[PDB]
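[1] model this:
(2 chains)
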Amino acid sequence: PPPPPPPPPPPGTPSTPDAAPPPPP
Amino acid sequence: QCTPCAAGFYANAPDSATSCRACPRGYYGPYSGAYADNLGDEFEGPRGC
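    Residues are numbered from 1 along each chain as shown, chains lettered A, B, ... in the order given. Below you will find the coordinate block:
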């Protein structure tokens, strides 16, 4: 009998985090 | 497998990094895969921030 198929690749990788003098007299 | 650190980020350890941190205020990481180095300032590396 033929051999089984290969498993599907894992999902996409996660994203990235966010950010006046006084007058004289 | 262990993924490269994203651009603008740096690995927390020179070898066997456990987390990736963003480059701080006043720094910039041009390349991806940047990593911190114990020698010198702890916030920079050969390709780090």
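[2] alpha carbons only for contacts and neighbour counts from here, please
    Noted.
[3] residue boundaries of the strands in chain B?
    The residue ranges that make up the strands of chain B, judged by DSSP state E, are B:9-11, B:20-22, B:34-35.
[4] got the contact list for the last one?
    Contacts of strand B:34-35 with the rest of the structure, by C-alpha atoms under 8 Å, 6 or more residues apart in numbering or on different chains, involve B:5-7, B:9-14, B:44-49.
[5] among the residues you listed, which ones are buried?
    Among the contacts of strand B:34-35, those that count as buried by neighbour count (16 or more other C-alpha atoms under 10 Å in any protein chain shown) are B:5, B:6, B:7, B:9, B:10, B:11, B:12, B:44, B:45, B:48, B:49.
[6] Among these, find me the one that's closest to residue B:24.
    For the buried ones among the contacts of strand B:34-35, the residue nearest residue B:24 by C-alpha to C-alpha is residue B:49; the value is 8.1 Å.
[7] Verify the contact between that closest one and residue B:37 for me.
    No: when contacts are counted by C-alpha atoms under 8 Å, residue B:49 is not listed as touching residue B:37 (10.3 Å).
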